[PDB]
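Structure first, commentary second.
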Amino acid sequence: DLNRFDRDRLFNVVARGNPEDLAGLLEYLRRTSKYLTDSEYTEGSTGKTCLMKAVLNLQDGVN
């Protein structure tokens, strides 16, 4: 939200498949001036993004 938004919560939220838990991310990215491709929101080792984690975990044809 406004105060903090870690990488682990983001991966778990996009793996679970509920978009309502994505609330507050935009305010955090506007306040801290960080992008989703930054080194914090990647895997660090392979370069895996939150979008890749979202596409890997498909419940139906969509996520």
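FYI, nothing fancy with the structure tokens labels: chains A, B, ... in order, residues from 1 per chain, ligands from 1 as they appear.
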Quick one: residues within 12 Å of stretch 34-36 of chain A, only C-alpha atoms counted, chain neighbours fewer than 2 positions away excluded, as a ChimeraX atom specification?
/A:4-7,10-11,25-32,38-43,47-52
Those selected residues, please, written with N, CA and C atoms and delivered as a PDB file, in the first residue's frame.
ATOM      1  N   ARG A   4       4.587  -0.005   2.570  1.00  0.00           N
ATOM      2  CA  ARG A   4       5.515  -1.026   2.101  1.00  0.00           C
ATOM      3  C   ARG A   4       4.781  -2.074   1.272  1.00  0.00           C
ATOM      4  N   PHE A   5       5.510  -2.658   0.316  1.00  0.00           N
ATOM      5  CA  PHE A   5       4.983  -3.711  -0.557  1.00  0.00           C
ATOM      6  C   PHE A   5       6.166  -4.595  -0.955  1.00  0.00           C
ATOM      7  N   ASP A   6       6.358  -5.705  -0.245  1.00  0.00           N
ATOM      8  CA  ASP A   6       7.512  -6.553  -0.522  1.00  0.00           C
ATOM      9  C   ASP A   6       7.324  -7.362  -1.809  1.00  0.00           C
ATOM     10  N   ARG A   7       8.415  -8.020  -2.219  1.00  0.00           N
ATOM     11  CA  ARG A   7       8.387  -8.920  -3.371  1.00  0.00           C
ATOM     12  C   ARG A   7       7.631 -10.210  -3.069  1.00  0.00           C
ATOM     13  N   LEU A  10       3.949  -9.972  -3.308  1.00  0.00           N
ATOM     14  CA  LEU A  10       3.529  -9.798  -4.696  1.00  0.00           C
ATOM     15  C   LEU A  10       3.507 -11.131  -5.430  1.00  0.00           C
ATOM     16  N   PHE A  11       4.561 -11.931  -5.260  1.00  0.00           N
ATOM     17  CA  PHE A  11       4.584 -13.246  -5.891  1.00  0.00           C
ATOM     18  C   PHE A  11       3.440 -14.119  -5.391  1.00  0.00           C
ATOM     19  N   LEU A  25      -0.649  -1.106  -4.660  1.00  0.00           N
ATOM     20  CA  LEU A  25       0.665  -1.211  -5.288  1.00  0.00           C
ATOM     21  C   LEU A  25       1.004   0.050  -6.074  1.00  0.00           C
ATOM     22  N   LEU A  26       0.018   0.618  -6.774  1.00  0.00           N
ATOM     23  CA  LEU A  26       0.268   1.798  -7.596  1.00  0.00           C
ATOM     24  C   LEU A  26       0.669   2.995  -6.743  1.00  0.00           C
ATOM     25  N   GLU A  27       0.022   3.171  -5.588  1.00  0.00           N
ATOM     26  CA  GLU A  27       0.412   4.255  -4.695  1.00  0.00           C
ATOM     27  C   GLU A  27       1.832   4.056  -4.183  1.00  0.00           C
ATOM     28  N   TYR A  28       2.211   2.808  -3.893  1.00  0.00           N
ATOM     29  CA  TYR A  28       3.569   2.547  -3.427  1.00  0.00           C
ATOM     30  C   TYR A  28       4.590   2.842  -4.512  1.00  0.00           C
ATOM     31  N   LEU A  29       4.270   2.487  -5.757  1.00  0.00           N
ATOM     32  CA  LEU A  29       5.211   2.713  -6.845  1.00  0.00           C
ATOM     33  C   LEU A  29       5.318   4.191  -7.191  1.00  0.00           C
ATOM     34  N   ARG A  30       4.236   4.950  -7.008  1.00  0.00           N
ATOM     35  CA  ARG A  30       4.318   6.392  -7.209  1.00  0.00           C
ATOM     36  C   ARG A  30       5.070   7.080  -6.076  1.00  0.00           C
ATOM     37  N   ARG A  31       4.928   6.591  -4.840  1.00  0.00           N
ATOM     38  CA  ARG A  31       5.585   7.252  -3.717  1.00  0.00           C
ATOM     39  C   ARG A  31       7.073   6.928  -3.673  1.00  0.00           C
ATOM     40  N   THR A  32       7.428   5.648  -3.775  1.00  0.00           N
ATOM     41  CA  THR A  32       8.829   5.256  -3.695  1.00  0.00           C
ATOM     42  C   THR A  32       9.553   5.379  -5.028  1.00  0.00           C
ATOM     43  N   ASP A  38      12.638  -3.512 -11.516  1.00  0.00           N
ATOM     44  CA  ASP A  38      13.813  -3.189 -10.726  1.00  0.00           C
ATOM     45  C   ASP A  38      14.353  -4.448 -10.054  1.00  0.00           C
ATOM     46  N   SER A  39      15.554  -4.324  -9.482  1.00  0.00           N
ATOM     47  CA  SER A  39      16.220  -5.485  -8.906  1.00  0.00           C
ATOM     48  C   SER A  39      15.502  -6.015  -7.672  1.00  0.00           C
ATOM     49  N   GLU A  40      14.684  -5.188  -7.017  1.00  0.00           N
ATOM     50  CA  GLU A  40      13.933  -5.664  -5.860  1.00  0.00           C
ATOM     51  C   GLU A  40      12.824  -6.623  -6.275  1.00  0.00           C
ATOM     52  N   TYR A  41      12.114  -6.309  -7.359  1.00  0.00           N
ATOM     53  CA  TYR A  41      10.962  -7.081  -7.809  1.00  0.00           C
ATOM     54  C   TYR A  41      11.308  -8.181  -8.809  1.00  0.00           C
ATOM     55  N   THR A  42      12.590  -8.428  -9.070  1.00  0.00           N
ATOM     56  CA  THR A  42      12.998  -9.575  -9.862  1.00  0.00           C
ATOM     57  C   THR A  42      13.361 -10.729  -8.931  1.00  0.00           C
ATOM     58  N   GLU A  43      13.706 -11.868  -9.525  1.00  0.00           N
ATOM     59  CA  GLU A  43      14.202 -12.987  -8.735  1.00  0.00           C
ATOM     60  C   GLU A  43      15.638 -12.790  -8.268  1.00  0.00           C
ATOM     61  N   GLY A  47      16.304 -13.487 -13.102  1.00  0.00           N
ATOM     62  CA  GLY A  47      15.637 -12.365 -13.731  1.00  0.00           C
ATOM     63  C   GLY A  47      14.139 -12.530 -13.871  1.00  0.00           C
ATOM     64  N   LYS A  48      13.548 -13.472 -13.143  1.00  0.00           N
ATOM     65  CA  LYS A  48      12.125 -13.763 -13.236  1.00  0.00           C
ATOM     66  C   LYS A  48      11.296 -12.605 -12.694  1.00  0.00           C
ATOM     67  N   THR A  49      10.290 -12.195 -13.461  1.00  0.00           N
ATOM     68  CA  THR A  49       9.451 -11.058 -13.119  1.00  0.00           C
ATOM     69  C   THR A  49       8.168 -11.532 -12.445  1.00  0.00           C
ATOM     70  N   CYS A  50       7.420 -10.569 -11.898  1.00  0.00           N
ATOM     71  CA  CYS A  50       6.112 -10.890 -11.338  1.00  0.00           C
ATOM     72  C   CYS A  50       5.127 -11.284 -12.428  1.00  0.00           C
ATOM     73  N   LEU A  51       5.299 -10.750 -13.639  1.00  0.00           N
ATOM     74  CA  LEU A  51       4.452 -11.159 -14.754  1.00  0.00           C
ATOM     75  C   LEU A  51       4.716 -12.610 -15.142  1.00  0.00           C
ATOM     76  N   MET A  52       5.982 -13.037 -15.109  1.00  0.00           N
ATOM     77  CA  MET A  52       6.299 -14.435 -15.383  1.00  0.00           C
ATOM     78  C   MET A  52       5.714 -15.347 -14.315  1.00  0.00           C
TER      79      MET A  52
END
Atom CA of residue A:62 to atom CA of residue A:45 measures 27.1 Å
List the spatial neighbours of residue A:54 as a ChimeraX atom specification - criterion: any atom at most 7 Å away, only C-alpha atoms, same-chain residues fewer than 6 positions off excluded. /A:14-15,63
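Between atom CA of residue A:8 and atom CA of residue A:59 lies a distance of 19.9 Å.
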